[PDB]
Amino acid sequence: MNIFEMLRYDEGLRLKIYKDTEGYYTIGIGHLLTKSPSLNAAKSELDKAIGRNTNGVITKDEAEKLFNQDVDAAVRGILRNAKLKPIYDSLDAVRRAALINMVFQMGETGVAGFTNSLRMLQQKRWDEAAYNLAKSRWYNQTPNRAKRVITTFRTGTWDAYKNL
Ligand SMILES: CC1(C)CC(N)CC(C)(C)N1[O-]
Ligand SMILES: CC1(C)CC(N)CC(C)(C)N1[O-]
């Protein structure tokens with residue numbers, strides 16, 4: 001297991017523009033295109049992201065290229081953020097993947113808003129952190145994914161992904 005595998009499971013793979021769990025146009029492995037309700041705007045974002053005029057459909061290789069860029073962008077967002085970087089630095093590699101997963105789903109600003117959870121993670125109070133992370137819109141809106149990510153923080157293992 002690694003972060004690419006983890007997010008590939010959590011996000012799936014779709015080669016045509018679709019709507020994500022919040023209703024936003026997305027493609028590939030969870031690549032958010034826009035929050036605009038305009039499909040034309042989303043298609044323009046896709047063309048710009050891929051570098052060619054698309055019909056709203058990309059190849060698997062193109063989806064994986066965007067995905068690697070997006071994982072990198074999630075790590076960059078963590079490392080440039082004064083609240084996320086010290087937490088990330090304090091974590092083992094499995095729990096680092098859990099934090100990257102959250103930032104991939106919600107963005108740097110959103111995850112940096114988990115102030116009290118971040119402090120508990122840095123303190124390595126894993127069960128207390130797990131409870132606090134569940135008191136969130138995130139957990140209520142995507143509970144199965146949040147449970148997998150929280151189990152990863154709680155245990156430092158890939159147990160929540162093993163049978164998947
Ligand atoms: C690519 C795929 C099918 C995604 C799953 N979410 C996890 C792993 C184990 C990596 N595999 O193989
Ligand atoms: C303190 C701790 C370990 C955190 C859990 N998330 C919830 C309760 C049941 C309150 N427990 O046991």
Side-chain angles (χ1 to χ4, degrees), residues 1-33 46 49-50 54 56-78 83-84 86-108 110-164:
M1 273 301 295
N2 60 58
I3 179 57
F4 291 89
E5 301 204 342
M6 186 198 204
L7 278 168
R8 171 70 180 78
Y9 181 72
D10 285 337
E11 300 287 354
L13 169 69
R14 285 285 191 93
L15 298 185
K16 181 178 285 195
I17 295 174
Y18 67 98
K19 289 182 180 178
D20 74 4
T21 68
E22 293 290 339
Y24 298 139
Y25 291 118
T26 301
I27 200 162
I29 305 167
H31 180 83
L32 176 62
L33 291 165
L46 177 62
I50 301 298
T54 73
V57 185
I58 62 176
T59 67
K60 185 167 156 65
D61 283 359
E62 287 171 338
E64 287 171 351
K65 181 177 174 74
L66 295 179
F67 180 47
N68 195 339
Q69 295 171 353
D70 291 342
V71 173
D72 191 282
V75 179
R76 301 195 311 265
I78 289 167
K83 296 167 72 179
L84 299 174
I87 309 311
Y88 189 82
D89 287 342
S90 78
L91 295 174
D92 58 275
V94 179
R95 293 184 169 97
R96 283 180 190 210
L99 191 65
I100 296 165
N101 192 308
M102 292 185 74
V103 171
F104 190 104
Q105 184 182 2
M106 291 174 280
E108 155 202 350
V111 181
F114 281 67
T115 304
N116 302 320
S117 313
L118 292 169
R119 179 185 304 109
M120 297 180 195
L121 292 171
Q122 189 162 0
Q123 294 170 322
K124 302 196 172 297
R125 303 217 172 258
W126 305 125
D127 279 25
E128 299 169 20
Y131 177 61
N132 185 268
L133 286 161
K135 296 290 290 196
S136 63
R137 180 181 190 275
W138 172 58
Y139 179 89
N140 281 279
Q141 295 302 313
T142 54
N144 280 347
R145 184 183 179 162
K147 285 170 184 179
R148 289 193 292 276
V149 173
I150 289 169
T151 292
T152 308
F153 279 129
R154 189 178 40 86
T155 67
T157 76
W158 293 108
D159 288 354
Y161 293 84
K162 285 213 197 334
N163 285 296
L164 308 174

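Just follow the structure's listing: the first ligand is 1, and inside any ligand the first atom is 1. Atoms considered below: every heavy atom in the structure, side chains included; atoms not considered: hydrogens, waters and symmetry mates. In this chain, residues are counted from 1 in sequence order.
Distances from atom 4 (C) of ligand 2 to the protein include at least one heavy-atom value under 4.0 Å. When distances from atom 10 (C) of ligand 2 to the protein are checked, no heavy atom turns up under 4.0 Å.
With contacts defined as side-chain heavy-atom distances shorter than 4.5 Å, the pair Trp138/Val149 qualifies.
Residue-to-ligand polar distances keep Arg8 apart from ligand 1: every N/O pair is separated by 3.5 Å or more. On a distance-only criterion, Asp10 and ligand 1 share no N/O pair closer than 3.5 Å.
Given atom 6 (N) of ligand 2, the protein heavy atom at minimum distance is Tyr131 CB, 2.0 Å. For atom 1 (C) of ligand 2, the closest heavy atom belonging to the protein is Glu128 CG, 4.2 Å. Of the protein's non-hydrogen atoms, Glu5 O, 3.5 Å is the one closest to atom 7 (C) of ligand 1. Here the heavy atom of the protein found nearest to atom 2 (C) of ligand 2 is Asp127 O, 4.5 Å.
Between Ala129 and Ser117, the shortest heavy-atom distance links the atoms CB-O, 4.5 Å.
Salt bridge annotation for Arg145-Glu11: present, with a cationic side-chain nitrogen under 4.0 angstrom from a carboxylate oxygen. A salt bridge links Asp72 and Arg76; the closest N-O separation between the charged side-chain nitrogens and carboxylate oxygens is under 4.0 Å.
Between the side chains of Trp158 and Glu5, not a single donor N or O lies within less than 3.5 Å of an accepting N or O.
Remark: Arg95 is not positioned above the aromatic ring of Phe153, lacking an NZ or CZ atom under 6.0 angstrom from the ring centre and at most 45 degrees off the axis.
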